[PDB]
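Novice: Quick one: structure below, then a few questions.
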Amino acid sequence: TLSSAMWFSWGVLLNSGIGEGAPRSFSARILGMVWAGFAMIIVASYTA
Amino acid sequence: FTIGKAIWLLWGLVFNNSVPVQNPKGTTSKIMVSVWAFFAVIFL
């Protein structure tokens with residue numbers, strides 16, 4: 602999961618429906634979780 | 600196969616991700632549809 606993971610993360614950066622896989626561990630869970638958190642906090646900060 | 604769903608997919612991309620779309624086709628065009636979504640996230 603090298604190409605699909607980067608595709609999913611970089612789509613999440615743009616809040617896009619790119620990347621449909623789910624985390625295979627709670628560690629990947631929290632990692633993608635905080636990544637998406639920072640992504641949307643940045644987009645909210647910029648719109649404001 | 601894509602000439603019809605293209606309008607729905609692309610307007611969903613530039614507008615809001617409120618409806619699921621059958622987007623994965625020609626994975627190299629995903630760059631184009633993502634910058635499309637970038638247009639969305641700046642325009643809104």
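Just so you know, the sequences run in chain order A and D.
Residue numbering for the first sequence follows the authors' numbering, beginning at 602 and increasing consecutively.
Residue numbering for the second sequence follows the authors' numbering, beginning at 600 and increasing consecutively.
Yeah, the Cβ is synthetic: ideal placement off N, Cα and C, and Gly gets one too.
Along the chain, where does the alpha helix (DSSP H) that runs through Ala637 (chain A) open and close?
Specialist: It spans 627-648 - the alpha helix (DSSP H) in which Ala637 (chain A) sits, taken as one unbroken run.
Novice: Near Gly618 (chain A), which residues of its chain fall below 8 Å by C-beta distance, leaving aside the five closest residues on each side in sequence?
Specialist: Taken in chain order, the residues that qualify are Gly612.
Novice: Assuming the contact rule is C-beta atoms closer than 8 Å, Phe609 (chain A) and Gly622 (chain A) should be a hit. Round their C-beta distance to whole Å, please.
Specialist: Correct: roughly 6 Å between the Cβ atoms.
Novice: Are the CB atoms of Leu615 (chain A) and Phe637 (chain D) within a distance shorter than 7 Å?
Specialist: For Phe637 (chain D) and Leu615 (chain A), yes; Cβs fall inside 7 Å.
Novice: Does DSSP classify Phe609 (chain A) as helix, strand or coil?
Specialist: Helix.
Novice: Could you tell me whether the Cβ of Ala605 (chain D) comes closer than 7 Å to any Cβ of chain A?
Specialist: So no, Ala605 (chain D) is outside the interface.
Novice: Given a threshold of 16 other Cβ atoms within 10 Å of its Cβ, counted over all protein chains shown, does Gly611 (chain D) qualify as buried or as exposed?
Specialist: Buried is the call here.
Novice: Would you verify that the beta carbon of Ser617 (chain A) is, or is not, closer than 7 Å to some beta carbon of chain D?
Specialist: So, interface residue.
Novice: Can you list the residues of chain D that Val644 (chain A) reaches, using a CB-CB cut of under 7 Å?
Specialist: Neighbours of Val644 (chain A) on chain D, chain order: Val640.
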